[PDB]
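What follows is a single structure, and I will ask about it in a moment.
A, B, C, D, E and F are the chain letters, set down in written order, and residue numbers restart from 1 in every chain.
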Amino acid sequence: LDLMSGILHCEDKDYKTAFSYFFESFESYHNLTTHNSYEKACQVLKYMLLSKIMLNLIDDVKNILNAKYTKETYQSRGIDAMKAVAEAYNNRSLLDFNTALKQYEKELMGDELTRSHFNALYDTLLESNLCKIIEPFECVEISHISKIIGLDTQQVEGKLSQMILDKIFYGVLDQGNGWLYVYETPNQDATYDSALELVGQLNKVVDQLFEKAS
Amino acid sequence: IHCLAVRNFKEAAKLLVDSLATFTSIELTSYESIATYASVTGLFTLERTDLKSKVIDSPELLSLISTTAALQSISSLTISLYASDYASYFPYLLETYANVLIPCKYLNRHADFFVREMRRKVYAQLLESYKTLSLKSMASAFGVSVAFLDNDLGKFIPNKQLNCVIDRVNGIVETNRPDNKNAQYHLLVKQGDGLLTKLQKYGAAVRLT
Amino acid sequence: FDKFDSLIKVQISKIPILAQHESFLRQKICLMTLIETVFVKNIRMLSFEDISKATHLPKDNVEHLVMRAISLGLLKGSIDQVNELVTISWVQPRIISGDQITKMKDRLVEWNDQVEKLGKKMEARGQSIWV
Amino acid sequence: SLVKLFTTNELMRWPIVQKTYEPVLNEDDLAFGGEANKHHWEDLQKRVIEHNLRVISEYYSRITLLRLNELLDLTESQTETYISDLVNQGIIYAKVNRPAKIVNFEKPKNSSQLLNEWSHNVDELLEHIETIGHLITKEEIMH
Amino acid sequence: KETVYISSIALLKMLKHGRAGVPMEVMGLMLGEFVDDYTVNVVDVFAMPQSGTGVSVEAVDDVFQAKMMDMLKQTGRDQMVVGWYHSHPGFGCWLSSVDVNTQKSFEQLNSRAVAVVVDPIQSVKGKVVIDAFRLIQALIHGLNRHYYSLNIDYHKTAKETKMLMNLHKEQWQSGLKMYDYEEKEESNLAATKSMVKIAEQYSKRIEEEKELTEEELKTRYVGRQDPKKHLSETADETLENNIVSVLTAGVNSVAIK
Amino acid sequence: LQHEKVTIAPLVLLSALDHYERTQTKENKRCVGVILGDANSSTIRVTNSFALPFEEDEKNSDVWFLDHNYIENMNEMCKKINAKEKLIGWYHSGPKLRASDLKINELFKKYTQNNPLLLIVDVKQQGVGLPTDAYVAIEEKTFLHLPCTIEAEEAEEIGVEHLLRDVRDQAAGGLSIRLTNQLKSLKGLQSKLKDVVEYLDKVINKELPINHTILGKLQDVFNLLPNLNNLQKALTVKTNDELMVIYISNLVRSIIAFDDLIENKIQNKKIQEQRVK
């Protein structure tokens, strides 16, 4: 009744209200039968950490890795992963985050929610790093964004497409020369646009006027 | 659903898409049918941010999903759109053409008018972030050969339904669309003269009469 | 520039305090020269060459000369290297001796004439509109 | 001379700095220690770079990545790294036209804002010539 | 929805002290009253002396403060301390964390107290940069994270304004004056959008008017005005305002240069 | 010592006003405070002011009271702020002088040095402009009248501007009227340019002594000439942008006029129709 509410709050993305449930719901299966519930107290520690990993707070993650509380029994595939992914996030080194999407996935592939929020978080990380690498530049040959962000171009411009198209940074990609242009504001002018509407409405009104021919 | 029974989707957009809040099935049809309708019209006339708003986010369609033999297909199309999956777009497009459209007694009549449109959108959506891009990039993406791709764009371009234009010599595609004040200048000049010559024309007629 | 450059040659041997600090005097000249060549010029802009020949300074320093001319407050403005221009937003008001006034009289005569022609030229056009 | 050296806006020229202040710096116990505090001498170099690159942003409207490297005694990877830094903190406004060309330091101003500038210039002008009028009458009376 | 109203004397004393302290930052206190949840009104300001350290908590001087308080009492200026000004010359308008802690030291006096950042140097004869806001370019510091922005307006008495009028005597200079351009951008825009708006109204009157008699039409439309007259009307202001607008600049460029 | 022209910043105006309506002082009484600025040179630059509590002796005051302790308590509490604003003189907002004025100025000679300046702010404004009037006291000992001005320092330039943005006039006069007002203004400028030219002649010829204060202002006139983000294309883009609105507006007139032709032609058709019978 708790951790499920923590789950729904991982659906509504509030992770403080979430950990509110995950902590206690961990404590229960902690002190309880332990027969098969070593694993059901092994489950919630994860989401407890998903909360923090989403919340950027690695101090409380240090707090979560302490031998007796969990590790003493629970040192296992779970902890190395979510740690490395966590400070991997706060360092914002995408190659690291990727490698931790490689060698830790033995759980991540199995646990759906975890892996989900890591795909989300991974996105909203790569987004950010992009938004930081472009703004000092215009006409920045896109290979450069690649080697700097340390990732293959094809999915870079794969995303920069998505960002341009999502109105994020206002620029345009020239694939002929392998370039990325950025702009300060929307380049389009509003005034001229309303002119372009007026000409239309008119161009109808004229026809309807001349219909009065009689 | 009448509006849908004719070419007019633009009404069926709001009509159907809000018919999801409440629906009376015993009247005509099942709830998943009308789901497929509101989702099809939605896909068809909805803007990208209001697609995400009103359809991709569905207090309802989520409650259905696999419920039928269509909503999983057509939604498997729409997500492949909104999320920019180009390799997959055409396959799901063909699917829905077969699975949902042609069986629908209302939609089948309109089948082609749908798909033609649903081609354009993607081409449109693919270019919008590019002031130039090379064919083989596109063809590669969609997974068709160039010559057929060129052949397809040639349908839309001269109709000014698509703001591209092609350079075959270099296999390149550049996009002329009205954003930079320049373009919104030229286009305005042309439209203006197009209004003048008309106005003068009728002008002399009513002068002399 | 040149006349000063002549003047220093004699006294520079005479007064030892002048023997030291010749560097200063040189800089200070280059500056004042710059300031004036800007102050007279009708539209204020300069290539780097212009300053070079005017100040007889090889053009690398020319941007050090300009930048230092600003950091003392003498000029405001910007430098465009790509085209090697200097825009000079504005130049400091400074007490003016006799001869320097004359040129001001000139430029002001010009900017009187332009108005002569414009005002006197705008009645003709639009003579049909006046009130 | 050190504090006065970072107050004013002018190019630093690192070597001369190191030469001049080397002895008096190194003598101090906490700041510039024998082997323990040598890590300060890398910072000082950083602050110097940030200083020159901070002032060039003032005067120069455009500059060529070459000449800017020359002025900073750096390399291109370095340069673009420092520009990237400073702009991330919003200390300077500089935008690099990247393909081996040009840093652009002007804050692009909305042309209407350029206008609202030029008007006020005009108005304050006219006010001045007006005063020069009232005076210019007054002196003949006075004289 | 929340806002502050900053009286003229406040703003001028503000910018004066700020411009005077350059290139070091100055601080002072703000005297006013809280109208409702949605408003803070600032009628007065006084200036706080420099400190050896930067603007900070102890920079506020109790002795000085009350010493000023009573001496304003004798003048009837009695008001709460509703906020505190400040200046970040050259750095734009944002609160450093050190600005924040002090802002808290003004939270626990009054929960609605606000922070006002003034920026002397880049505030210039055009737009004046000013900011007021309270806790929870600038986004680097968490504009929305630790704190949040507010809005500002200016109370003006009739007589106040009337003094301000006589500053500039424009009676001779008129006709070379160019009014604010951005304002005629909202003009030349909103005008056009409007013309669009009434275009299809004139369209509906020509179609409906076509198939329905004048006697019937009058009954309907007499309430509002003849959308053909909003075309005939509205086209003008754009026309002549834009022709004087063009000509004025064409003259200022060639004549003044 | 001897000074001539008196300069005033707008903040003493607004300040003194807020003193008036702050203290609710009705016209039969007056408001009083002191003035800080620069008295040294042969003009007097006023900048700042602050309010002074005082009392007048019932009706027809024989005595009065000013608090000198309030003064010497406030003054140094200003000096801690901007030290360069020195106590100069006082002011009463009463529209016209009082008997004790000349008496109390003699008091302020204690707290200032040269010639304590007394100016009168007009808080009613009901008359025409220059609500100030500047006075000193010279021997006998009456008040010499002095000229004044409102000299906006840069901060007050910015402030007064930003506050008076909205009050700017509509000027509904027809197009011909405006276009006329302009050419009038141009000729005016032309004339003034004459004036300065032949004056400068008189400087290099008539040997009217060099007046620096003017030359400074000429220079300041040059500093403001637009160089002409280049402003040039900044202007071009505008003029294009207006010419658009001019143009499509013209389209709107044209189509309207065409409509009215439709109304004529239809009208004459039905009238001439009826003239049959």
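In this section, a contact is a pair of C-beta atoms (placed from the backbone, for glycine too) under 8 Å apart; a residue touches a chain by one contact, two chains touch by 3 or more.
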Using the touch definition from the top, how many steps at minimum link chain A to chain E?
1
From the Cα centroids, identify the chain that ends up most central relative to all protein Cα atoms.
E
Ranking D-F and C-E by C-beta pairs in contact puts on top D-F
Euclidean distance of C-alpha centroids - chain B vs chain F, Å
62
Per the centroid of Cα atoms for each chain, what is the distance between chain B and chain D, given in Å?
52
Please report how many Å separate the Cα centroid of chain C from that of chain D, as a whole number.
23
Indicate the whole-number Å distance between the mean C-alpha point of chain A and the mean C-alpha point of chain F.
58
Chain C: positions in contact with at least two other chains:
87, 115, 118
Multi-partner residues of chain A (at least 2 other chains)
191-192, 195, 198-199, 202, 205-206, 209, 212
List, in ascending order, every residue of chain D touching at least 2 other chains.
106, 108, 112, 115, 117, 120, 122, 124-126, 130
Interchain pairs in contact, sorted by label:
A-B, A-D, A-E, A-F, B-F, C-D, C-E, C-F, D-E, D-F, E-F
Residues of chain B that touch chain F when the two form their complex
181, 185, 188, 192, 195-196, 199, 202-203, 206-207, 209
In the complex with chain D, residue positions of chain E that touch it:
92, 125-127, 137, 140, 168, 172-173, 176-178, 180-182, 185, 252, 256
Of all residues in chain E, which touch chain F in the complex?
7-9, 11-13, 15-20, 43-44, 47, 49, 64, 67-68, 71, 74-77, 120, 123-125, 127-128, 154, 156-157, 159-167, 169, 172-176, 179-181, 188, 191-192, 195, 228, 231-232, 235, 238-240, 242-251, 253, 255-257
Complex contact set, residues of chain F against chain B
237, 240, 244, 247-248, 251, 254-255, 258, 261-262, 265
Interface with chain F, chain A side, in the complex: residues 191-192, 195, 198-199, 202, 205-206, 209, 212, 214
